[PDB]
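Take a look at the structure below.
Positions of Cβ are generated from backbone atoms using ideal geometry, with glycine treated the same way; all protein chains shown enter the neighbour counts. Every number in this text was worked out from the coordinates using simple rules, so none of it is lab data.
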Amino acid sequence: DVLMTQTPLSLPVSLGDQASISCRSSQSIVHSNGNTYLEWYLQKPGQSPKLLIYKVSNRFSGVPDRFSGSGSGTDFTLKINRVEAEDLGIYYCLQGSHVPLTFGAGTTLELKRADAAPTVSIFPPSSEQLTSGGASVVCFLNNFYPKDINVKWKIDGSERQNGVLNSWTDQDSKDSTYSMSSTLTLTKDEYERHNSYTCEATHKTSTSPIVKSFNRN
Amino acid sequence: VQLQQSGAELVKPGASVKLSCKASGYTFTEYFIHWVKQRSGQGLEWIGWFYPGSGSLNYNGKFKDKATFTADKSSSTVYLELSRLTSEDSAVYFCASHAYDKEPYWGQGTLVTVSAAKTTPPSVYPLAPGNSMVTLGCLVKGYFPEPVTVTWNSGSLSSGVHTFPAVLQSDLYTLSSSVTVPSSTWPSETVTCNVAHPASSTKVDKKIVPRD
């Protein structure tokens, strides 16, 4: 199969900036008929991909001319002049020359802002949950930048992996930050056998983790 | 040219499902139909093509035992059948058409959810703490199917809220919502999360109160 390698996975820009997204094919994608079927799409959440460029360099009708495509052989590039808000989302390349048709892994175009450490909050299980025999400890890691972040759970000082579920928001439309939720779910039986519960956030804003904890007492 | 796809599907593992795609206005200048799969939060994957003009087709080797393309000329409608459904088949499936050497047009996509679960209302738990701001929240756990709608103070509280995407826990969904208000205003000015689950016809309130 033709492998399409799309870089970068994430592209932070400021409005008005120049954006460049590229796509490399593992082999040539010249169709038998002489055409190179390389397409670029933009996809917004809950929406179908919308065509921007076809046959490497041809702008699809109604697409503003700030979008342009070029490339040859195995290297292809989408360029966006003066990025606008309506340009933000995920970009995919697609080769249509040799079956099976194959897509690049995508590029998220998102907004740049100053780095921000997460605001970390930890919450014990509610009595309502305990009465039903469950015990979830919830950690919010809110309003941070850039988007990459790690969470580590410790129970009485010992790292815990099982029973952890994480969720991430998309970039905030107003302050350009990201947020994360992490939930450690235990049984009441196991929760009552330990004292210290700790969630640790590691983020580029520091080499030392932000640590929040509580004691069951 | 307009592509019209069939509605969302909820189906059980082991079963099979038949999705439909109705092309419009080509109309004499006939077209290839492509099918594409996109798992939740993931990229795009090509299933195969179907040529209604002859019934010829071609599957991505990865889908050769999963997908079956057929057509109905009377209705100008083509079909994608997915068999022996597993959780891995849960995704949005797009249909896309194109005439020879011409730009493609895409359908709106059809959501397929593969699950054995039954309709279950959420358990709703307060998140209260054990600075100038305080963060509260509520944990919405063990429901099926999506979606739920979370609001705070029946919607009058909307700034400083993060309601997180739901995640699978066992075979049920769980999400959380956080809200941040000035410390001086809680508990004096009450904060209550409201959780609506349409499928179970339920709506519950959970006031966040200080812990003992």
Unit-weight point scatterers at every alpha-carbon of the stretch B:66-192, Debye formula, q = 0.13 1/Å: log10 I(q)/I(0) is -0.74
Quick calc, residue B:161 & residue A:28: beta-carbon distance into FRET formula, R0 45 Å, rounding 0.05, result 0.35
The Rg/Rh figure for chain B, Cα atoms and Kirkwood Rh, to two decimals is 1.14
Mean 1/r over distinct Cα pairs of the stretch B:149-205, inverted to a Kirkwood Rh in Å, yields 12.7 Å
Karplus-derived 3J(HN,Hα) from phi for the stretch A:177-186 (6.51 cos²θ - 1.76 cosθ + 1.60, θ = phi - 60°), whole Hz, x at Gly and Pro, runs 8, 10, 9, 9, 10, 10, 10, 9, 9, 10
Along the stretch A:128-137, Karplus-curve 3J(HN,Hα) (6.51, -1.76, 1.60; θ = phi - 60°) to the nearest Hz, with x for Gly and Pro, reads 4, 5, 4, 4, 8, x, x, 8, 9, 10
Under the 7 Å Cα-to-Cβ spin-label approximation, residue B:183 and residue B:146 lie apart by a distance in nanometres of 3.7 nm
What the Cα atoms of the stretch A:1-113 span along the principal axes, largest first and in whole Å, is 44, 26, 26
Site residue B:75, offset 7 angstrom along Cα→Cβ, radius 12 Å on amide nitrogen, limited to the stretch B:1-16, gives B:5-7
Averaged over residues of A:119-129, the number of beta carbons from other chains lying within 10 Å of each residue's Cβ is 6
Karplus ³J(HN,Hα) for the stretch B:26-34 (6.51 cos²θ - 1.76 cosθ + 1.60, θ = phi - 60°; Hz, whole; x = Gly/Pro) runs 5, 10, 8, 10, 5, 9, 9, 10, 10
For chain A the mean separation of alpha carbon contacts under 8 Å (6+ apart) over residue count, i.e. relative contact order in percent, is 18 percent
In Å³ per residue, the alpha-carbon convex hull of the stretch B:1-117 encloses 102 Å³
The rounded separation in angstrom of the Cα centers of the stretch B:71-114 and the stretch A:1-47 is 23 Å
Kirkwood calc, the stretch A:56-147, C-alpha pairs only, radius in angstrom 18.0 Å
Quick calc of log₁₀ I(q)/I(0), the stretch A:115-214, Debye, one scatterer on every Cα, no solvent, q values 0.11, 0.13, 0.17, 0.19 1/Å, result -0.34, -0.46, -0.74, -0.88
Residues whose built amide H sits under 5 Å from the amide H of residue B:31, excluding neighbours closer than 5 in sequence, are B:53
Computed about the Cα centre, the charge dipole of chain B from +1 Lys/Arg and -1 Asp/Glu charges at the Cβ has a magnitude in debye, to the nearest 20, of 320 debye
Of the convex hull drawn through the C-alpha atoms of chain A, the volume per residue in Å³ is 167 Å³
Rounded to the nearest whole number, the Stokes-Einstein translational diffusion coefficient of the stretch A:1-56 at 25 °C and 0.890 mPa s (Kirkwood radius, C-alpha pairs) in µm²/s is 182 µm²/s
The stretch B:118-212: Kirkwood hydrodynamic radius (Cα pairs, Å) comes out at 13.6 Å
The Cα extents of the stretch A:83-133 along the principal axes, largest first and rounded to whole Å, are 60, 35, 18
Length-normalised contact order of the stretch B:1-123, Cα under 8 Å, at least 6 apart, in percent, tallies to 35 percent
Projected convex hull area of the protein assembly as shown, Cα atoms, direction-averaged, in nm², equals 23.7 nm²
Taking every residue of A:166-173, the Cβ atoms of other protein chains inside 10 Å of its Cβ average out to 3
Amide H neighbours of residue B:112 at under 5 Å, excluding residues fewer than 5 places away on the same chain, with H built from the backbone geometry, are B:9, B:91, B:92, B:93
Inter-part gap, Cα centre of the stretch B:178-193 to Cα centre of the stretch A:68-135, in whole angstrom, is 32 Å
Non-local residues with an amide H under 5 Å from the amide H of residue B:44, with H modelled 1.01 Å from N and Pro and chain starts lacking one, are none
